[PDB]
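Participant: Structure provided below as structure tokens; questions to follow.
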Amino acid sequence: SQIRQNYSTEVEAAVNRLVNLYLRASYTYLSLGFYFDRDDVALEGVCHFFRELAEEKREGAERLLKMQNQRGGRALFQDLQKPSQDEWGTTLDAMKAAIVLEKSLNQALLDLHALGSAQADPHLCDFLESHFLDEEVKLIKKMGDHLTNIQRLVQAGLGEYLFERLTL
Amino acid sequence: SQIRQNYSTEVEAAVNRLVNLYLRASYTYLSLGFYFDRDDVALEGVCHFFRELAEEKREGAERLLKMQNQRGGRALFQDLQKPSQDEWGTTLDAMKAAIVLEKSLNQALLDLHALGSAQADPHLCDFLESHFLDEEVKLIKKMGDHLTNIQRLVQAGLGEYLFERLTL
Amino acid sequence: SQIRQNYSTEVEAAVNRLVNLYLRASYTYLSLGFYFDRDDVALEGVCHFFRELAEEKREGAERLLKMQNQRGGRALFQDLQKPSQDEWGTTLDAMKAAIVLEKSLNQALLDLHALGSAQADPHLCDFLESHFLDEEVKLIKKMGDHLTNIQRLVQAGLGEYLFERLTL
Amino acid sequence: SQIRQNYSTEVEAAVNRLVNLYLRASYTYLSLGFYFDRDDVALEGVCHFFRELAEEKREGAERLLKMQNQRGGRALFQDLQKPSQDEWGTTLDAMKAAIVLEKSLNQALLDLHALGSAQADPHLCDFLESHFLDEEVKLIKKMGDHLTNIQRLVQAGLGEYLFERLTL
Amino acid sequence: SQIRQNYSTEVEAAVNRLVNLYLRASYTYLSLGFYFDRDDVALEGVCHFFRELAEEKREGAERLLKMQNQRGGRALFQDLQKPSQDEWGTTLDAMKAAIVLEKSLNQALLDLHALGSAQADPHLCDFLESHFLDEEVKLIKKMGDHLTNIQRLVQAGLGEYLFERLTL
Ligand SMILES: Cc1cccc(C)c1O
Ligand SMILES: Cc1cccc(C)c1O
Ligand SMILES: Cc1cccc(C)c1O
């Protein structure tokens, strides 16, 4: 690219991989959201929580794709793997799955930051710090808070209802 | 009728029957509503839920009667049978009874749609699709969601109170 | 009932009967209204007059049902008999039928008031006086005024049109 | 056409025919409107009624032409036959002629719907149901209501005047 | 009195007694209210419920005193007996005590109405019907509704908390 400067092929490839991970996360959250919208699950607050996260993850992917082009890299898309489960169990099970997912995204962000530092690419490092790393820490803290509250509420049916009504 | 066109006697009769079913449903919901207003039941959210449905079903009947006249058919009214119960048990029992009732109305709508299709009466088919079929699907989904939440809440007294307070 | 006080079984039963009479009146007015909406009758002011009365009578029934519960009585519903006619003739015939109907409701109100007085139930007596007796006197006077005007207008077709256009 | 999909030549031709029928109806209503504007007829409400219908029918034709292009069919225009009469008699005669005209348009709509169903063309079927079939049923009901009122008013001159003044 | 007309000494005395009963009820509610404000009871919604009732009963007494003077009777005050309890137990116990109290006031109202009827004093009868009898029926129905909800909630501590939070 006529504009490409200080942008390694290793970072370019890792950015494409991260786009795939964010889109896969978005898809997972779409599945989680609609599972809680089932008439035999019917926890609307939980459905809304996950549908909002599907949107956030898609936005993250789009920000990464915008950055790829700004740097003169070339977006390459791969298949989006279907989510790991078809049914997500209880709100507790779902929130545990979500925190696992977020920690995996966060690790990928940290890995890419480390690569950027090794390649002396401060624009990449700043980009990740500014738009992703703090968002992930905040989200993981929120999920941990939710998990603790869900666990303390498990009369499991009553607890699940109250969490959805009074927290979400 | 000077205006009657493509409107079979079979559909005309079936529309009159459907008016009766909607008015009977409205009456059933009136009974459900006032049962939950009893001082020894006293679940105001549940009373409101069913009184609103009584109004919706009456409106449905009135829309059908308007359509009967628009097509040049002749409204014929029959007795409105009293509701199947005098006392409706718990919120769970009542919501189960309501979903049974709605599924029976929906089946009648589907039967009339099938008759309209067989008689090549697209105005009737459109009318039902536009004003009734989706309303019924939405309502049945809502009732199913409510049933699931009520069931998960059954400390049955506490659960019944919380559902009325926090959902309805 | 824990709340029931000075409320006789005779009044409780008579209130349930009166609910049935009001709902039957509402149904009769629904039939009258839609008859005047027929394309071969087509008197919109008359249709509106009777549909408004259907609503008023239903509201009366609902007020009675509310009162039944306030007093600790138990609502019991019976079948709603179909209206006495399928076709209602001229506006004159219909208005005569309506005044007959209202006078029958008024007599039932007066009978219930008399029962309340005999049972020394002043809350019932006040309730009827406050919400029903004057409403009925006003409505019957209005119908009598309408009958007189309709009769003076009978060139019967022209008169019927003018009454609908200029009074209703 | 590059865009044409599931759109039969039979439906394409029938749509062109229907455009012609709607434009012919519009022309007929233009003639009716100006006849009632003659100084020796002079019924302004009747003139307005028919001029409004001329506009509605032209709009219907334009909607059909828009749809023809949306589907990749090719609009073909034919002569517009002059209306069946040069003078339209009384308001009663004119309203009878209008209801005959509307019933013929409605039959053409029903015929085209049947063709669409036979050709498994649900976009066409929906289009007609959504924009034409209910409009026609409503209009025919209104005309039938008007005919009944005009007939009841026939002192024919006085009745014609009053209908124009008080209904139209 | 120069103004006294159709106002018996029996009714005058009974009105003074009723003033005392209303003021005693107000005092009882003051005691109930402050009991629920104790730091070792601490149910603010319940405190508010009873303090509002203390105000309503005082207003009732003041209305009776105003009426006594309007009729030319002479207000005579007696001691106000201290409430029947110093401590009121649970919300359930308190609501039971309140409904007992209200039923006793209602019986006194009914007794005075009967006296008025026997003395042919229609102003008194109207006064009681208009300002007291329906208020009492409404309040007793509300208390019965509350009792039913409290009973269904008895995990008694949790139920008491939830009723205070979500109903009161
Ligand atoms: C491509 C994709 C997959 C899953 C969820 C979303 C929102 C999305 O855009
Ligand atoms: C139950 C019932 C019967 C007839 C008319 C009305 C409005 C109604 O609610
Ligand atoms: C005199 C009296 C006693 C108790 C409560 C109140 C409000 C009151 O005025």
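Since chain A takes its numbers from Swiss-Prot, the residues it shows come out as 3-156, 159-172.
The deposited model was determined using X-ray crystallography, 1.5 Å.
Each residue, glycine too, has its Cβ placed from N, Cα and C.
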Participant: May I ask you to indicate which of A:6-13, A:54-61, A:118-125 is given in Swiss-Prot as region 'Catalytic site for iron oxidation'?
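Facilitator: Among A:6-13, A:54-61, A:118-125, the range Swiss-Prot annotates as region 'Catalytic site for iron oxidation' is A:54-61.
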Participant: Run through the region 'Catalytic site for iron oxidation' (A:54-61) and tell me, per DSSP, how many residues are helix, strand and coil.
Facilitator: 8 helix, 0 strand, 0 coil
Participant: Name, in the order they occur in the sequence, the residues of the same chain whose CB lies under 8 A from the CB of A:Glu64 (Fe cation binding site) and which sit 6 or more residues away.
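Facilitator: Result: none.
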Participant: Neighbour count, 10 Å Cβ-Cβ cut-off, for A:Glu57 (Fe cation binding site): what number do you get?
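Facilitator: Its Cβ has 14 other Cβ atoms within 10 Å.
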Participant: Could you give me three numbers for the domain 'Ferritin-like diiron' (A:7-156), the DSSP helix, strand and coil residue counts?
Facilitator: 116 helix, 0 strand, 34 coil
